[PDB]
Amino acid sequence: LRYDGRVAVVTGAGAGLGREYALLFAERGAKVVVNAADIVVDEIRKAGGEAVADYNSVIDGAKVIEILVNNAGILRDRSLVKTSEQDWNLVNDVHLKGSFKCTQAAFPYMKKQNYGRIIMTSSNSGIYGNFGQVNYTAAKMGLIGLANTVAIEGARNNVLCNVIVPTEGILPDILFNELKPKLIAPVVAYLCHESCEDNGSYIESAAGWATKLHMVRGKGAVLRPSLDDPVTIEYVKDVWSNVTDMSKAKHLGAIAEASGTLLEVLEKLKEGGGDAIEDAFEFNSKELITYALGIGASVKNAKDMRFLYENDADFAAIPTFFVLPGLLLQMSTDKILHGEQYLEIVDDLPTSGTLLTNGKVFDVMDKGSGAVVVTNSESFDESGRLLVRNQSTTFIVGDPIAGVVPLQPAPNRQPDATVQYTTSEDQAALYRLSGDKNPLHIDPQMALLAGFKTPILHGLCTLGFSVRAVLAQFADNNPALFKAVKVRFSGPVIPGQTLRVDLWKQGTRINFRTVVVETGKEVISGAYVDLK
């Protein structure tokens, strides 16, 4: 890996980092300008290489120019109140202004040639701050903003610009003896080679180790209940833990990205409001298979492999998996017997990704000794495609409007088919791993407090078993044929009990009901699956 036919300019090449950038560049074929200087020139030459000396100050970069590594620097470390005009000025001049001048003078030559490699030297002191160094930390972070723009103005003509970040009392020998300039030079050298396509990077390096730094941005938070309200200081406070929550932080690539996300916020806020809920749902094959096993899919069934092994050619979710994002969001906060469920697949389903879901109360009813709340939820993928409609009906102890999906009673005749599934005693202990942690499905004491003699199976688990019976029986176990499910949860199932699913075929629609065999009791009623 060489640098034949290349000219490199190193500022502050008299010593330290610069000096070693000089030697390595010459070592590997490049002809070098050492911007003190004479000692390095003669040493490069004697080692068998081509190089010229330069005595110019970085303020005067035009004469320097006539690869560019900006490395010259000075120190004038003072406290804040003790940092004078000359202190501020001389540090800002050599580091920031100087790098600008020198990059300025070199660029035309690099762009008209369609090849260029520029380097700025920043430091952790700039990145993090450091007591008693305002001038220097202002300057070295300034070099990052300089580079960010030099990178962009050079991009389309192969003129690239990156940032190198070279990291009392007594150090341990192993550390002190590895903190040497010779070990950082090759990172800089690689960032200045033809094969490198890095542009706008921050690379930290020392002691023969390197990493990349970049800025990330939190999800953040809207600062008013609606578009029709102002922003009050009291709201900013009440919402500050969300503003500064970095747990979902992301890196943006360019200013237009930073600018284009505001629209989304405003539109969301406008279409609905502050009485809406939002959350992220990450998944991969692991969660898909965990769920399928939770609802009884088994490798004893050849047709189930597709739901149980990620490398199967037909690997897919059982589509009721997509009740979870809606479910978890709606039970995460309160703004509770799960009584009815509706789920609509609207588009082809993926096998992984990061979903965005919303939550809105759709309808509230009054049933004497109780209230019914109908909650509507939509799930979208990362690019913004709508995947799922979730409508859930809850009863809170203690006339539906249009758009509330009604139940359909069983066709008054013998079922066309029946399917029996035995559940295991661990069915709920397994199903709850898909995210529904309610203690009444596992903890005897909490089940009792919720009015059950033993822990009961999740209603949505029983729905899972039922949709599986529908799909094996009427859709050849093809999940892409599933359109929608609607269900009333009408009774408790105990893990270990046996289910029978009664099915009636009526065109597109499979009516069904689910009975616990040992008691004779109905546990899913008024229910159907729509196929495609």
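The first residue of the shown sequence is 1; numbering continues from there.
A chain break between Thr167 and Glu168 is present, corresponding to 4 to 9 residues of the deposited sequence without coordinates. In this entry, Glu66 is separated from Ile67 by 10 or more residues of the deposited sequence that have no coordinates. Between 460-468 and 499-507, it is 499-507 that carries the larger average Cα temperature factor according to the deposited entry. Two stretches are in play, 8-16 and 518-526, and the higher mean C-alpha B-factor belongs to 8-16. Across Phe482, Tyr55, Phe489, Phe474, the entry's maximum B-factor at the CA atom is seen for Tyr55. The entry lists C-alpha B-factors for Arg224, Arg413, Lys219, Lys140, and the highest of these is at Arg413. Ranked against the other modelled residues of its chain, the C-alpha B-factor of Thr121 as given in the entry falls in the middle third.
Per the deposited record, the Cα B-factor of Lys437 falls in the lowest third when ranked against the other modelled residues of its chain. Among the modelled residues of its chain, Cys102 has a C-alpha B-factor that falls in the highest third, as given in the PDB entry. Annotation for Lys268: C-alpha temperature factor in the middle third relative to the rest of the modelled chain, per the entry. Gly260: CA B factor lies in the middle third for its chain, per the PDB record.
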